[PDB]
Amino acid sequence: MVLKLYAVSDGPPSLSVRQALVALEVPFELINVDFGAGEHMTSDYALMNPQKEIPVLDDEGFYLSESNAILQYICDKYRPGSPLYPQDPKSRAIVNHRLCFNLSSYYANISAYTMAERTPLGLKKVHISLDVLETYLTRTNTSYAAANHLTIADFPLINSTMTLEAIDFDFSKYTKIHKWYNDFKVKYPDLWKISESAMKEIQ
């Protein structure tokens, strides 16, 4: 496992990359970055990721940051035929969209509230993000975020939603989200264990 992932134990983007690597059976070495000590802020770390954020992948000297791009690369390079990242352009676009939607909106709004500051408008924006994902699940009428099977689009949304559970936020009125999120735990308990370990830390 010469593939190296620099990650943090309670960070949803890190968890998503680990779940994908585990689901794809791609061996890797995990480096727990010492966030409290500022390890991601050193020049050595910036040699790998000039953005100074976690995670970053080192694939035989190829340094790749941005967890969405890391998710896409692990599939494209090591499992190009896997349904975890379909090759059909339309099906692939739904996955790509859901990845962008998590980065641009869903995780952005949810984490602003589940971290640090909790305001009426922040609470409203959590509900708007849930409403939009609920809307997407209603329109596709799929069991998972981008298809009727698990894809890399699921992991970032799962780990964003996990932070709501971490603060005992009730989102059960979002029927399809609640079912999708809980079905994930039952169908993929090994992958959920990665989210659950972080959830207990965030708690």
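We number the residues from 1 along the sequence you see.
According to the record, the deposited sequence contains 4 to 9 residues between residue 116 and residue 117 that were left without coordinates. Of the two segments examined, 38 to 46 and 172 to 180, it is 172 to 180 that shows the higher average Cα temperature factor in the deposited entry.
Higher mean CA temperature factor, per the PDB entry, when comparing 99 to 107 with 72 to 80: 72 to 80. Based on the entry's C-alpha B-factors, the most elevated value among 151, 67, 148, 159 belongs to 148.
Sorting 199, 2, 8, 5 by the CA temperature factor given in the entry leaves 2 at the top. Ranked by C-alpha B-factor against the other modelled residues of its chain, residue 193 falls in the middle third. The entry lists a Cα temperature factor for residue 63 that places it in the middle third of the chain's modelled residues.
Residue 136: CA B factor lies in the highest third for its chain, per the PDB record. When the modelled residues of the chain are ordered by their C-alpha B factor, residue 155 lands in the lowest third. For residue 186, the recorded CA B-factor ranks within the highest third of the chain. Only modelled residues enter the ranking.
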